[PDB]
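Chains as they are written, first to last, in PDB author numbering: chain B, 1 to 117; chain E, 1 to 117; chain F, 1 to 117; chain V, 1 to 117.
Have a look at the structure below, then the notes.
4 protein chains.
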Amino acid sequence: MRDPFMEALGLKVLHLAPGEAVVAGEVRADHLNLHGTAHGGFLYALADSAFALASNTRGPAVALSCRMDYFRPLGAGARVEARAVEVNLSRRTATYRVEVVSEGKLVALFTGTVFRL
Amino acid sequence: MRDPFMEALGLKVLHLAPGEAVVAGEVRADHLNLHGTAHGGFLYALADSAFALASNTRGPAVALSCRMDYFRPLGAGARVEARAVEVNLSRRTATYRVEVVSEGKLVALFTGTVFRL
Amino acid sequence: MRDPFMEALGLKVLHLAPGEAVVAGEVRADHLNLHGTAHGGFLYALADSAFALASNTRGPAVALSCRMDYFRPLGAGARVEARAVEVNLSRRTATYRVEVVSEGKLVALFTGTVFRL
Amino acid sequence: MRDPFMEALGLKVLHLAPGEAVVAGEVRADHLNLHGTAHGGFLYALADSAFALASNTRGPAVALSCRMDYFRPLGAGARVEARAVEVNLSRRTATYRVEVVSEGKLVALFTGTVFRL
Ligand SMILES: [Cl-]
């Protein structure tokens with residue numbers, strides 16, 4: 001398993017088991033947006049990566065629809081984690097909840113559904 | 001206006017006007033996922049960037065909730081664009097639709113709502 | 001085609017063609033919520049009905065994920081329509097955009113994806 | 001507190017406390033769709049009602065964006081519940097997760113964000 005984008009973003013896996021995964025990273029200078037806070041795409045990439053790993057432990061799967069709800073902004077240097085858990089596993093689709101956490105606070109909530117190939 | 005993450009991803013602005021924006025990029029080797037296709041986070045970052053620029057033409061705004069629907073995978077070298085248009089503009093919130101297109105095909109659809117500061 | 005819930009809500013079809021549908025209704029006294037405005041479930045039911053009809057013109061399909069963005073409240077007596085159009089049609093999934101309109105104003109935006117049986 | 005639509009749908013409250021609520025109902029003949037299963041609008045109305053009650057325990061609030069993920073169909077006679085819990089409470093917005101359950105099975109997952117008036 002090699003994910004070029006995860007590697008480019010400096011992400012690491014803290015846990016991987018059937019139906020679940022935790023991916024972590026640190027907000028670097030190149031991850032900031034025009035507001036000076038962690039770009040929504042960086043936080044989403046983090047959650048999506050945990051989502052991808054968790055869902056693929058059940059077999060090949062690709063994202064269909066994902067929702068990202070942002071609660072708190074993060075600045076450079078912030079250590080963040082995306083914790084993915086399985087909500088539903090069906091024959092051709094599956095859904096996961098991914099909590100994005102930093103220093104014990106829920107920074108964002110990701111909800112995604114995949115199509116099982 | 002300087003967005004470190006957009007710059008790091010090699011994104012460029014093709015259009016910016018009141019309530020709308022178009023951001024473009026090319027899928028590079030470092031943008032691929034474990035599947036060998038454009039990482040969902042890269043495509044989302046592209047759409048989110050157009051969303052951010054379009055929404056901020058109305059004044060400071062931050063994302064609340066965003067949905068990303070994926071329709072077609074993209075490989076390295078693909079030229080992609082995210083076209084953001086305003087769907088609703090309220091006093092404290094606004095919503096935008098962002099079409100992600102590559103070679104005339106709709107690759108994904110992004111729907112997002114911001115909170116106006 | 002008989003839909004008990006659509007009938008119970010007093011909904012009517014104003015258009016049905018391949019990949020698209022328009023469903024209309026009027027906000028009645030029994031459709032109001034604790035706020036005295038059209039219940040979110042009534043507006044969603046309206047959009048979902050147009051979504052269901054439009055998607056099923058392509059063959060049997062059931063909803064996977066749907067998003068409803070609310071922009072303006074409606075009171076009793078308001079005439080409302082849900083206009084569904086096809087955004088993407090794939091082999092096993094399809095996505096539709098449904099605009100909820102009343103007196104020329106966009107009251108809400110519904111985005112939904114179905115699984116094709 | 002009187003909600004005409006909840007009453008019309010035969011819904012009842014099983015729990016209400018700060019930041020949370022449980023609403024229950026039974027799928028009646030008039031709640032079925034063209035497929036002969038519980039209409040998506042009925043299940044959404046159920047979840048939305050729990051969402052509305054839970055969010056309003058914190059003060060007046062109206063829905064901004066809601067997502068409904070469907071996992072299992074329900075037939076006439078099914079007893080269903082929507083359990084709403086608070087995910088995030090901010091100054092002007094709040095987010096809730098609502099699990100739709102029937103006979104111990106997760107039938108659907110609702111995720112919604114409100115604007116606090
Ligand atoms: Cl959504």
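We put the beta carbon where it would ideally sit given N, CA and C, even for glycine.
(request) Using a Cβ-Cβ cut-off of 7 Å, state whether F115(V) counts as contacting chain F. (result) The residue labelled residue 115(V) in the question sits at position 115 within the fourth sequence. No - not a single Cβ of chain F is within 7 Å of the one on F115(V).
(message) Give me the DSSP bridge partner(s) of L74(B).
(response) The residue given as residue 74(B) occupies position 74 in the first sequence. In DSSP, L74(B) forms no bridge with anything.
(message) Bridge partners for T113(V) per DSSP, in chain order?
(response) In the fourth sequence, the residue the question calls residue 113(V) occupies position 113. DSSP lists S65(V) and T95(V) as partners of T113(V).
(message) Less than 7 Å between the beta carbons of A94(B) and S55(B), yes or no?
(response) For the purposes of this step, residue 94(B) is taken as residue 94 along the first sequence, with counting starting at 1. For the purposes of this step, residue 55(B) is taken as residue 55 along the first sequence, with counting starting at 1. Yes. Within cutoff.
(request) Would you be able to state if there are at least three C-beta pairs under 8 Å between the region 41-55 of chain F and the region 14-26 of chain F? (result) Contact between the region 14-26 of chain F and the region 41-55 of chain F is present, because at least three Cβ pairs lie under 8 Å.
(message) Can you tell me where the alpha helix (DSSP H) holding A54(E) begins and where it ends?
(response) Within the second sequence, numbered from 1, the residue matching residue 54(E) stands at position 54. For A54(E), the enclosing alpha helix (DSSP H) begins and ends at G40 to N56.
(message) If you reduce the DSSP assignment to three classes, tell me which class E7(B) lands in.
(response) Taking the first residue of the first sequence as position 1, residue 7(B) is located at position 7. Assigned with DSSP and collapsed to three states, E7(B) falls in helix.
(request) Would you mind giving the Cβ-Cβ distance between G41(B) and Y96(E), rounded to the nearest angstrom? I have them listed as a contact below 8 Å. (result) Residue numbering aside, residue 41(B) sits at position 41 when the first sequence is read from its first letter. Residue numbering aside, residue 96(E) sits at position 96 when the second sequence is read from its first letter. Wrong, their Cβ atoms sit about 15 Å apart, outside the cutoff.
(message) Quick check on the burial criterion: 16 or more other C-beta atoms within 10 angstroms. Buried or exposed for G104(V)?
(response) Taking the fourth sequence and counting its residues from 1, one reaches residue 104(V) at position 104. It counts as exposed.
(request) Would you kindly check if the distance between the Cβ of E26(E) and the Cβ of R79(E) is under 7 Å? (result) Position 79 of the second sequence, counting from 1, holds the residue named residue 79(E). Position 26 of the second sequence, counting from 1, holds the residue named residue 26(E). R79(E) is a Cβ neighbour of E26(E), given a cutoff of 7 Å.
(request) Answer yes or no: the CB of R67(V) versus the heavy atoms of ligand 1, is any distance below 6 Å? (result) Within the fourth sequence, numbered from 1, the residue matching residue 67(V) stands at position 67. Checking every heavy atom of ligand 1 against the Cβ of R67(V), one is found closer than 6 Å.
(request) Quickly, what does DSSP pair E103(F) with across the bridge? List them, please. (result) Position 103 of the third sequence holds residue 103(F). Answer by DSSP bridge pairing: none, since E103(F) is not bridged.
(request) Please list the residues of the region 77-96 of chain B that have a C-beta atom closer than 9 Å to any C-beta atom in chain V, keeping them in chain order. (result) Listed by position, the residues of the region 77-96 of chain B near chain V (Cβ gap below 9 Å) are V87, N88, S90, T93 and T95.
(request) Go through its chain and collect everything with a Cβ distance to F71(F)'s Cβ below 7 Å, but skip five positions before and after it. (result) Against the third sequence, residue 71(F) aligns to sequence position 71. Counting only Cβ-Cβ distances below 7 Å, and skipping sequence neighbours, we find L106, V107 and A108.
(request) Give the interface partners of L43(V) over in chain E, defined as CB-CB distance under 9 Å, in chain order. (result) Within the fourth sequence, the letter at position 43 stands for residue 43(V). Against chain E, the beta carbon of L43(V) has no neighbour under 9 Å; the closest one sits roughly 19 Å away.
(request) Would you list the residues sitting across from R79(B) in a DSSP beta bridge? (result) As a first step, residue 79(B) is located in the first sequence; it is residue number 79 there, counting from the start. Answer is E26(B).
(request) For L106(F), return the contacting residues in chain E, with the cut-off set at a CB-CB distance below 9 Å. (result) Locating residue 106(F) in the third sequence gives position 106, counting from the first residue. Simply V87 and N88.
(message) Below 8 Å on the Cβ atoms is my contact criterion, and I expect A76(B) with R116(B) to pass it. Report the Cβ-Cβ distance as a whole number of Å.
(response) Within the first sequence, residue 76(B) is the residue found at index 76, counting from 1. Within the first sequence, residue 116(B) is the residue found at index 116, counting from 1. That belief does not hold up - the Cβ atoms of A76(B) and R116(B) are roughly 38 Å apart, past 8 Å.
(request) Look at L32(E) and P4(B) and say whether their C-beta atoms are less than 7 Å apart. (result) For this step, residue 32(E) is matched to residue 32 along the second sequence. For this step, residue 4(B) is matched to residue 4 along the first sequence. At a Cβ-Cβ threshold of 7 Å, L32(E) and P4(B) count as neighbours.
(request) Kindly indicate if chain E contains any beta-carbon less than 7 Å away from that of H15(B). (result) Here residue 15(B) refers to the residue found at position 15 of the first sequence. Judged by the 7 Å Cβ criterion, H15(B) is not in contact with chain E.
(request) Measuring only between beta-carbons, confirm whether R58(E) sits less than 7 Å from chain F. (result) Within the second sequence, residue 58(E) is the residue found at index 58, counting from 1. Chain F places no beta carbon closer than 7 Å to that of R58(E), leaving this residue out of the contacts.
(message) What would DSSP say about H31(B), mapped onto helix, strand or coil?
(response) Taking the first residue of the first sequence as position 1, residue 31(B) is located at position 31. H31(B) falls in the helix class under three-state DSSP.
(request) Check each candidate in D69(E), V114(E) and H15(E) and name the one with the smallest Cα separation from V87(E). (result) As a position in the second sequence, residue 87(E) is number 87, starting the count at 1. Between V87(E) and the set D69(E), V114(E) and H15(E), the nearest pair of CA atoms involves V114(E).
(request) List the residues of chain E whose Cβ lies closer than 8 Å to the Cβ of residue 120(V), in chain order. (result) Nothing about residue 120(V) can be reported from this structure: the residues present for chain V run from 1 to 117 only.
(message) Quick check: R67(V) and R92(B), are their CB atoms within less than 7 Å of each other?
(response) Counted from its first residue, the fourth sequence places residue 67(V) at position 67. Counted from its first residue, the first sequence places residue 92(B) at position 92. No, the pair does not count as a contact, with Cβ atoms beyond the cut-off.
(message) Just to confirm my understanding: we take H39(V), look at its own chain, exclude 5 residues before and 5 after, and list those with CB closer than 7 Å. What are they?
(response) Translated into positions along the fourth sequence, residue 39(V) becomes position 39. Around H39(V): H31, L32 and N33.
(message) Less than 7 Å between the beta carbons of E81(V) and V101(V), yes or no?
(response) Reading the fourth sequence from its first residue, position 81 is the one you call residue 81(V). Reading the fourth sequence from its first residue, position 101 is the one you call residue 101(V). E81(V) places its beta carbon less than 7 Å from that of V101(V).
(message) Taking its Cβ as the centre, do 16 or more other Cβ atoms sit within 10 Å of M1(E), making it buried, or is it exposed?
(response) Reading the second sequence from its first residue, position 1 is the one you call residue 1(E). Per the 10 Å Cβ criterion, exposed.
(request) State buried or exposed for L9(V), treating a residue as buried only when at least 16 other CB atoms are found within 10 Å of its CB. (result) Here residue 9(V) corresponds to residue number 9 of the fourth sequence, with the count starting at 1. By the neighbour-count criterion, in which 16 or more other beta carbons inside 10 Å mark a residue as buried, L9(V) falls on the buried side.
(request) Measure the alpha-carbon distance for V85(V) versus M6(V) and round it to whole angstroms. (result) Here the question's residue 85(V) lines up with position 85 in the fourth sequence. Here the question's residue 6(V) lines up with position 6 in the fourth sequence. The alpha-carbon atoms of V85(V) and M6(V) are separated by roughly 19 Å.
(message) So with CB distances below 9 Å, who are the chain F contacts of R2(V)?
(response) Numbered from 1 along the fourth sequence, position 2 holds the residue referred to as residue 2(V). For a Cβ distance threshold of 9 Å, residue set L34 of chain F lies close to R2(V), ordered along the chain.
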